[PDB]
Amino acid sequence: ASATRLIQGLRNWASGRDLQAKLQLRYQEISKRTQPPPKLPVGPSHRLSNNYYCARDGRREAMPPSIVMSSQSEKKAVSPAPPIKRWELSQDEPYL
Amino acid sequence: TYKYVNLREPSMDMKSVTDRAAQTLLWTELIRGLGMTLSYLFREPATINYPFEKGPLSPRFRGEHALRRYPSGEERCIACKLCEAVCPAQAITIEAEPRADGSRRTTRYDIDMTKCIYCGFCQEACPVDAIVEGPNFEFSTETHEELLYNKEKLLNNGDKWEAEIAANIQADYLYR
Amino acid sequence: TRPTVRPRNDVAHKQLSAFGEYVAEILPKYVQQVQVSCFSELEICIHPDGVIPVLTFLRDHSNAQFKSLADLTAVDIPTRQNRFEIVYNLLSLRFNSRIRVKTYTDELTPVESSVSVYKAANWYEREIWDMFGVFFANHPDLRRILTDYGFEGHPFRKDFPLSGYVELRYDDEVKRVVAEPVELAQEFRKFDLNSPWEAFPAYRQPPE
Amino acid sequence: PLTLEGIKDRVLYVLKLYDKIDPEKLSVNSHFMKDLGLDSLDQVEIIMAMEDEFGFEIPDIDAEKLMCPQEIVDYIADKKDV
Amino acid sequence: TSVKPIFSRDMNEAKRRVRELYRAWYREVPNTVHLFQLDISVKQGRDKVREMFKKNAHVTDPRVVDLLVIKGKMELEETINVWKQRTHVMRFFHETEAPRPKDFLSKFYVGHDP
Amino acid sequence: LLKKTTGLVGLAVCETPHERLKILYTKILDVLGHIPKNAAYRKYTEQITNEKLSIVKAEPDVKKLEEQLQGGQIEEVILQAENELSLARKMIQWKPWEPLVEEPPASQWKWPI
């Protein structure tokens, strides 16, 4: 930021870009190293009623896997999913 | 939702053909590269003057370990071995016994600083904020066994850096 | 069960169960089990003589097109007589789906190499030779890939110790890096961490 | 390689340079396993010494059947003109 | 008891493969002592090859000796192509290791190992 | 319309995609007739190949055939037809409609142990 305008103009001409608007050295625009203390929120289960853990027990809703076939008509052939939809070209910048 | 990099069919009119041939014969993109290098020649470099200038750190920084004390001189470690159960490297070795007034205190608190992965699970597993991983990172030794800390070295790091460690914990503990 | 519980995907569960029935009935010569996990991943447990006919099916069939071999894995389970569990992970980019093809062998039975289906397997099953000791028949260049050159034993076997049997150091008498039987200045401390209370009643096995 | 006496003397010369065979029992009909008392790998390195001397490759199925110097010299005679 | 083989149908083809692997090692030993510039003799390395083949001589299973032949071909391939260094070849010769106590009394004197 | 490139490297443009797909589908059905009729592979592959052949016969345009064959470019549809043909020629030799060659042991797929 302390570059004199001759070297600053020479540098902007050599780069081809306005370099001073976007300096890669950091100055007083950045955050303070000392911040105020936060007050972090609590989650949704920080309640005093209707908060039984058996209604929010994720690990105990995991089931063993459903055995579809085990060795102890004119039905349709299936795929593992519907086929993938063809991707749309970018409206932003397709390079076209 | 996708784009085609390098799918430009160039123009074949005499304007663009002569532009590309002047670029070939007069080296336009090479002078563009020289211009970008010349542009960085006149920039102020990013070099800080170490050791006199220091790289910026945060209060969360995980450096050298330290066993802390309560604000009475009593050490915070109540010999509970959570920091060595959680230790991913098994760098912490703890042996304990009741001392002469009946307090649950360690006799062996070793950290192998050459096993340690400096990940700070010990300071976040510690229920009483005894072990912390302080802000010192400039503690290179000349010998391997000087990086094998016992309880005396860690309590001395606590007594050495407490004025900084307490302020870092003060700045960070509402995120913990 | 909204905020902290993973949402169940019933559509993908139904589609993968249907395609598992599809594969099980097209190839009944080798398909032994078909199962779908509660987080909707399809496993096709097959017989090890049908490694090539199943995988060439899923790679080439127009309702499967599993053109990608994502991963190839062995798992040592010593309580089985066929202790090694060879796991193929396959990706169909056409149908945006994944399948798992599982099979088994012991130390002495060879498995047929799947480089004829996925050339990607060329290193993976070679790693299965290096880490587990499973031999792959009709492999192009089967040798070690990760262990040291004079390394005895297959490390990811569960009877192989964590530290090995040997360790290296430089010795200035013979002017050479040498191997010696392993001695640790601090032993690895073994932690018995398992709680004696049952964690998941859905996975309870029936007693004797 | 011309004469059978030279081939027999040359077989015996290869066997007497081979140090494990006692030269007191080294005869033309001395069996390697049950007379001389050799390992199987001893017979294998004998056959490789014969390939060093005579200069042609002897396969496995026709070196397993070479249990005495007479079988070796008859093999070398049958694989050449003489 | 009906198992799928690796290469050999019985022990005779297995011993054939053992024997050809032994031939390949026996031919290779002088080249190995030369180009790794080992400080052993050729006879010492050939005695080590005979030792490594007699260590596994108690095996009667064709699949197990087929895997021993396969791993021996792998070690030979790591030897001929210079993939091992001198150190990996000399790890067969446990030269920095002190000799272990063999009888009861010296094992009693040194420690608790049986 | 003579699509300039397929976008996929190594996959060249097919000049006549319709006749190529018709030849590959009839060749798939001709090979697939040598599989027994009770096999599920023959039933399913005849079903999907008849669907694809009727869609190919029902559309003169190339791009509309690409949108309703639902397999991307027309050349990778052709490539999938070649792969299905090679697969069916292997399925005749493998004969995988046979019963299961060997049951697994009693706790072979029991997890956790």
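The letters A, B, C, D, E and F name the chains in turn, as written, and every chain counts its residues from 1.
Note that in this section a contact is a pair of C-beta atoms (placed from the backbone, for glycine too) under 8 Å apart; a residue touches a chain by one contact, two chains touch by 3 or more.
Peer 1: Determine the chain that sits nearest the middle of the structure, using the mean of its CA atoms as its centre.
Peer 2: Central by C-alpha mean position: chain C.
Peer 1: When I count C-beta pairs in contact, which pair ends up with more: A-C or D-E?
Peer 2: A-C
Peer 1: Centre to centre, using CA atoms, which chain is the farthest one from chain A?
Peer 2: Relative to chain A, the chain with the farthest C-alpha centre is D.
Peer 1: With chain centres defined as C-alpha means, what is the inter-centre distance between chain B and chain D in Å?
Peer 2: Each chain reduced to its C-alpha mean, chain B and chain D end up 73 Å apart.
Peer 1: Chain A to chain F: how many Å between their CA centres?
Peer 2: Computed from C-alpha means, the inter-chain centre distance equals 38 Å.
Peer 1: Which integer distance in Å separates the CA centroid of chain C from that of chain E?
Peer 2: Inter-chain centre distance comes to 30 Å.
Peer 1: Distance between chain A and chain B based on Cα centroids, please, to the nearest Å.
Peer 2: Between these chains, centre-to-centre, one finds 24 Å.
Peer 1: If I count partner chains per residue in chain E, which residues reach a count of at least 2?
Peer 2: There are none in chain E.
Peer 1: Listing for chain D: what residues touch at least two other chains?
Peer 2: none
Peer 1: Where in chain C do residues touch at least two different other chains?
Peer 2: As it turns out, chain C has residues touching two or more other chains at 22, 31-33, 63, 94, 203.
Peer 1: Got a list of which chains touch which?
Peer 2: A-B, A-C, A-F, B-C, C-E, C-F, D-E
Peer 1: Touching chain A in the complex: which residues of chain C?
Peer 2: Chain C reaches chain A through residues 1, 3-6, 12-13, 15-22, 24, 31-38, 42-43, 63-64, 92-97, 99, 199-203.
Peer 1: If you look only at chain D, which of its residues touch chain E in the complex?
Peer 2: Residue list for chain D touching chain E: 39-41, 44-45, 48, 60.
Peer 1: Quick check: in the complex, which residue numbers of chain C touch chain E?
Peer 2: Of all residues in chain C, those touching chain E are 107-110, 135, 137, 143-144, 148-150, 171, 173-174, 176-181.
Peer 1: What does chain B use to touch chain C in their complex?
Peer 2: Counting only chain B, the residues touching chain C are 85, 90, 93, 112.
Peer 1: Mind pulling up the chain C residues that touch chain F in the complex?
Peer 2: So the residues of chain C in touch with chain F come to 22, 25-33, 45, 47, 49-50, 53, 56-57, 59-63, 65, 77, 79-82, 94, 102, 104, 203, 205.
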